[PDB]
> 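Got a structure for you, questions after.
Numbering of residues begins at 1 and proceeds along the displayed sequence. First listed ligand is number 1; within each ligand, the first listed atom is number 1. Quick note: numbers below take in every heavy atom, side chains included, and nothing from hydrogens, waters or symmetry partners.
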Amino acid sequence: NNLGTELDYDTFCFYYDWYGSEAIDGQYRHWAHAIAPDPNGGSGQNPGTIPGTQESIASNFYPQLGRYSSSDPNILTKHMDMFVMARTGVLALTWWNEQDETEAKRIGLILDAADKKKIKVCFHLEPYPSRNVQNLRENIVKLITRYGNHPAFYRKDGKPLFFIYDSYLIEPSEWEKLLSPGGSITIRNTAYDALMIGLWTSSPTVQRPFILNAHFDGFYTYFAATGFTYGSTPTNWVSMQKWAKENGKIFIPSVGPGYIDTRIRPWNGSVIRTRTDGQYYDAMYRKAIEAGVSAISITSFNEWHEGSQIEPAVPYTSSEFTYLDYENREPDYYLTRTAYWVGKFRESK
Ligand SMILES: OC[C@H]1CN[C@@H](O)[C@@H](O[C@H]2O[C@H](CO)[C@@H](O)[C@H](O)[C@@H]2O)[C@@H]1O
C-alpha cells in the first residue's frame, strides 16, 4: 500500500512506563512526585511534594487518559493506537534496571501491545546506580536474551538499537572496551552486537573525539528545549550531520513540541519553551528534516513532568492548579502533527 499512513521505522518516540495508579500499582506513582530543591537556592529548603491527587499531579499539563497506570493493558492498547496515529514506528522505552517483577511484567505487556499494531520497541538505557560498561554489557545480554525473539523487538539491518542517556558519565576508555571491535568485553561480532547511540551534549571540540574514541555507532540529542545544550540547538544540526556522515555515524536528532517542568522544578523557568499552537514543534521538526538525517527521535511521547509530551492532554482547572493545555488545538493535535512530519520526513528520505 501507498496511502501515506504507514508506520515509520526510523522514527523513535521516547516512552516512559513509570506511571501508576493506586488500584493497579498501590500508589499513583509519578503522578505524585517530589519537588526538586533549587540547586542555587541555599540550605534548608523543604520544597515538598506533589501528591498525585486528581487535582494536583506532577505535570504542568493534564493527560486525556487521566492518572493512568503504565501496567494497565487497556491504557497500553490506547497508547499503541496513538503511536499508529502519529506514524511513529519505534517506541524507545525508558529502562532503569529496577530488577523487579513489576518492571518485568510491564515490559512484556508493552511488547505484546506494540506487536498487535506492528510497533517496534527498543530500549533507552538510563543512568542507573553504578552503571558501568560491564553491567551494561550484562544488561544488554539480558535484554536481547529475554526480548530479542519477541516479534516487536526492534532491529535495524539485523541489529538491535539502544539509546544511552548521559553517556558522558562514562569515560571513552571504558566505552572502548565494550564498543571497539578489539575491546576487552566487546559486543562487536557477537550475538549481542547493537547500534549504540550516545547522547551528544556539548561542543564539537569535546563531543567529536568522545564519540570516536568511545566507538558509538551514532548519537542523539534528547532535550526538547532548543538551546539547552549545543546538541539541542537545531541550527547546529546540518554541521552535526555532516560530521556524522564523514565519520560513519548515525545522527538521530531529537525534536519536541515544547518544554516546561516548573511543577517539579519551580526554579527551572529559563528552560520553558512555549508550544505556540504547534509552531515550536513545526520549527524543530523542519530543522531535523532539513539536516538530511536518516532517523529522528521524538522527545517525548509521555514525559509529563517535563511538558514535552505529544500524548493527548485536556484542559483542566482544579482547586489546586490551573493546567496548561493544547490551547487552540485539539487534544490529539500533536499526534496528527507528528504524522504530518513523518510524511515530510519520508518524502525526503
Ligand atoms: O529519559 C531521559 C531523561 C529525560 N528526563 C527525565 O525523564 C529523566 O529522568 C529524571 O527526571 C525525572 C523527572 O523529570 C524523574 O522522575 C526521574 O526519576 C529522573 O530523575 C530521564 O533520565
> Applying a 4.0 Å heavy-atom criterion (strictly less than), which segment of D166 is in contact with ligand 1: side chain, backbone, both, or neither?
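Within the 4.0 Å criterion, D166 makes no contact with ligand 1.
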> Is the terminal nitrogen or CZ of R337 (NZ for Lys, CZ for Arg) located under 6.0 angstrom from the six-membered ring centre of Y281 and within 45° of that ring's axis?
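Here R337 fails the 6.0 Å and 45° test against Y281.
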> Report, in ascending order of atom number, the atoms of ligand 1 lying under 4.0 Å from any heavy atom of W96.
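Answer, ordered by atom number: 9 (O), 22 (O).
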> Can you tell me how the ring of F251 sits relative to the ring of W237, calling it parallel under 30°, perpendicular over 60° and tilted otherwise?
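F251 and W237: perpendicular rings.
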> Considering the heavy atoms of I264, write down every atom of ligand 1 situated less than 4.0 Å from one of them.
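So the answer, numbered in order with elements, is 13 (C), 14 (O).
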> Do ligand 1 and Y16 have nitrogen or oxygen atoms that lie under 3.5 Å from each other?
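Looking only at distances, the answer is yes, because the N/O contact criterion of under 3.5 Å is met.
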> Do we see a donor-acceptor contact under 3.5 Å between the side chains of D17 and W95?
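No, no side-chain donor-acceptor pair sits under 3.5 Å.
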> Taking only heavy atoms of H30 into account, list the atoms of ligand 1 that are under 4.0 Å away from them.
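Going through ligand 1 atom by atom, the ones under 4.0 Å from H30 are 16 (O).
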> Under 4.0 Å from a heavy atom of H124: give me the atoms of ligand 1 that qualify, with their elements.
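What qualifies from ligand 1 is 1 (O), 2 (C).
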> Can you name the ring-ring contact (aromatic ring centres under 6.0 Å, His included) partners of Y9, sequence neighbours left out?
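Residues passing ring-ring contact (aromatic ring centres under 6.0 Å, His included) with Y9: none at all.
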> For atom 8 (C) of ligand 1, is there a protein heavy atom at a distance under 4.0 Å?
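Not a single protein heavy atom is under 4.0 Å away.
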> Out of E126, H33, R29, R265, who is nearest to atom 10 (C) of ligand 1 when you count heavy atoms only?
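It is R265 that holds the nearest heavy atom.
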> Is the closest protein non-hydrogen atom to atom 16 (O) of ligand 1 under 4.0 Å?
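Protein heavy atoms within 4.0 Å of atom 16 (O) of ligand 1 - there is at least one.
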> Could you check whether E126 and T94, counting side-chain N and O atoms only, form a donor-acceptor pair closer than 3.5 Å?
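There is such a pair (donor and acceptor under 3.5 Å, judged by atom type) between the side chains of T94 and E126.
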> Report yes or no: do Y128 and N139 form a side-chain donor-acceptor pair below 3.5 Å?
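Side chains of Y128 and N139: pair found under 3.5 Å.
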> Quick one: nearest non-hydrogen protein atom to atom 5 (N) of ligand 1, plus distance?
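Of every protein heavy atom, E306 OE1, 2.9 Å lies nearest to atom 5 (N) of ligand 1.
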> Under 6.0 Å between ring centres: does that hold for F228 and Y259?
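Judged by ring-centre distance (under 6.0 Å), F228 and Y259 do not meet the cut-off.
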> If only side-chain N and O atoms count, and only distance matters, is there a donor-acceptor pair under 3.5 Å linking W304 with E311?
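Looking only at side-chain atoms, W304 and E311 do form a donor-acceptor pair, the distance falling under 3.5 Å.
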> Give every residue pair that meets the salt bridge (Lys or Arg N to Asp or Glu O under 4.0 Å) criterion with at least one member in residues 50-62, sequence neighbours excluded.
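Residue pairs passing salt bridge (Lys or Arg N to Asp or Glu O under 4.0 Å), neighbours aside: none found.
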> What protein heavy atom lies closest to atom 14 (O) of ligand 1? Include the residue and the distance to one decimal.
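Among all protein heavy atoms, the one nearest atom 14 (O) of ligand 1 is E303 OE2, 2.7 Å.
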> I need the nearest protein heavy-atom contact for atom 4 (C) of ligand 1: residue, atom name and distance, please.
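Answer for atom 4 (C) of ligand 1: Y222 OH, 3.2 Å.
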> Which part of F14 is near ligand 1, with near meaning a heavy atom under 4.0 Å away: side chain, backbone, both or neither?
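Within the 4.0 Å criterion, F14 makes no contact with ligand 1.
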